[PDB]
């Protein structure tokens, strides 16, 4: 159920994910496994490329209490407003946190986990998460937006995290 999260520089994180074409039982299992993986990592969003599945699919739970689980399949940004700084991290760049600029408000259209079209508008953390998720589906990671010095620092923190995990029994 709980799948391993991939870390930079895994090239599977850099692929352009393919649209979901088939809503079958395997897709529901994938969605359920992604939720389990996201909750285990104590995250609020997870994109399929982050577990090695090259599909334009993400799961979201902003509050964390499973009361409003969001699944976005084949999302497209229909509109956005404003631009502001966010202090941001990423489950696929563990240990590295920095400031990036994204839209302040975004409206996304997608299919839900059963294929029904819906639209969602977000501000704050939800807006940040939606844009971060779509970036993952396009092979983009937040460190790509940083200065060379800050990207180098992020990689150093990531490498320290990896070394620490490898020392565990």
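Positions refer to the first chain, counted from 1.
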statement: Avg C-alpha B-factor, entry values, 96-104 vs 49-57, higher side is 96-104
- prompt: Got a sec? Mean C-alpha B-factor, which is higher, 130-138 or 32-40?
  reply: 32-40
message: Ranking every modelled residue in this chain by its Cα temperature factor as given in the entry, which third contains residue 27?
response: middle
- prompt: Where does residue 89 sit by CA temperature factor within its chain: lowest, middle or highest third?
  reply: lowest
- prompt: Among the modelled residues of its chain, does the C-alpha B-factor of residue 1 lie in the lowest, middle or highest third?
  reply: highest
- line: Of the three thirds of Cα B-factor ranks in this chain, residue 63 occupies the highest
Residue 120 by Cα B-factor - lowest, middle or highest third of the modelled chain: highest
